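**Student:** Take this structure first; my questions come after.
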């Protein structure tokens, strides 16, 4: 066929029931993640090709960048709870990987303050049990699926994107292939 298991995707040996329809994992320490977000806009171009009714989930992971890696997972939980993902994703990536001004929880916080979320609002969110459960979810979802590397996308808890099996000579072509694949997997 044109899409083959082991080529553009792999199948999970141990399918994850009740998983989000399109589930994506990343880390602000992850260099391909930076690429995926700021150069390629993967999440975005996938959405543009998903059918009606399909929700997209994105989670941060702990296994990169030690202590600040966990801090980043909690802050992403804050971002999700407050609905400010789109206002912090870029300053977080650049603060971790470009300018390297993110070294502590306090620097993560500064990014939110600069993005216009209020101090009190952030600290309350930061400490809330709603953020605790949201952290728990991020970890649970990663745990369910063997997760040892990012970026990673899983469709219907069953299939995992395999970008190493796609051409990278042209970036636009890589994105569309990636996106079309998710759509195919989506419909399967």
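**Student:** Going through the range 166-182 one residue at a time, which ones are under 24 Å from residue 144 (Cα atoms) and surrounded by fewer than 18 Cβ atoms within 10 Å (Cβ to Cβ)?
**Tutor:** Selection gives nothing.
**Student:** In the range 96-110, which residues are more than 16 Å from residue 74 (Cα to Cα) and out of contact with any helix residue (DSSP H, G or I) (no Cβ under 6 Å at 6 or more places or on another chain)?
**Tutor:** 98, 99, 100
**Student:** Of all residues being touching a residue at least 60 places away in the same chain (Cβ under 8 Å) and surrounded by fewer than 13 Cβ atoms within 10 Å (Cβ to Cβ) in the range 4-13, which is farthest from residue 162 (Cα to Cα)? Just the residue, please.
**Tutor:** Among residues in the range 4-13 that are touching a residue at least 60 places away in the same chain (Cβ under 8 Å) and surrounded by fewer than 13 Cβ atoms within 10 Å (Cβ to Cβ), the one farthest from residue 162 (Cα to Cα) is 11.
**Student:** If I filter the range 114-131 down to residues being touching a residue at least 24 places away in the same chain (Cβ under 8 Å) and outside any loop (DSSP other than H, G, I, E, B), which single residue comes out as nearest to the chain's Cα centre (by Cα)?
**Tutor:** 131
**Student:** Mind listing whichever residues of the range 141-165 are without any contact (Cβ under 8 Å) to a residue 24 or more places away in the chain and surrounded by 13 or more Cβ atoms within 10 Å (Cβ to Cβ)?
**Tutor:** If the condition is that a residue be without any contact (Cβ under 8 Å) to a residue 24 or more places away in the chain and surrounded by 13 or more Cβ atoms within 10 Å (Cβ to Cβ), then 149, 163 are the ones that fit.
**Student:** Can you tell me how many residues within the range 22-42 are in contact (Cβ under 8 Å) with a residue 40 or more places away in the chain and assigned to a helix (DSSP H, G or I)?
**Tutor:** Summing the residues that are in contact (Cβ under 8 Å) with a residue 40 or more places away in the chain and assigned to a helix (DSSP H, G or I) in the range 22-42 gives 9.
**Student:** Another question, then. Of all residues in the range 140-162, which are more than 15 Å from the chain's Cα centre (by Cα) and part of a helix (DSSP H, G or I)?
**Tutor:** 144
**Student:** Evaluate the following for residue 111: is it in contact (Cβ under 8 Å) with a residue 40 or more places away in the chain, closer than 21 Å to residue 27 by Cβ and surrounded by 17 or more Cβ atoms within 10 Å (Cβ to Cβ)?
**Tutor:** Answer is no for this residue.
Cβ atoms come from the backbone with ideal geometry, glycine included; neighbour counts cover every protein chain shown. No value in this document is a laboratory result; all are computed from the given coordinates.
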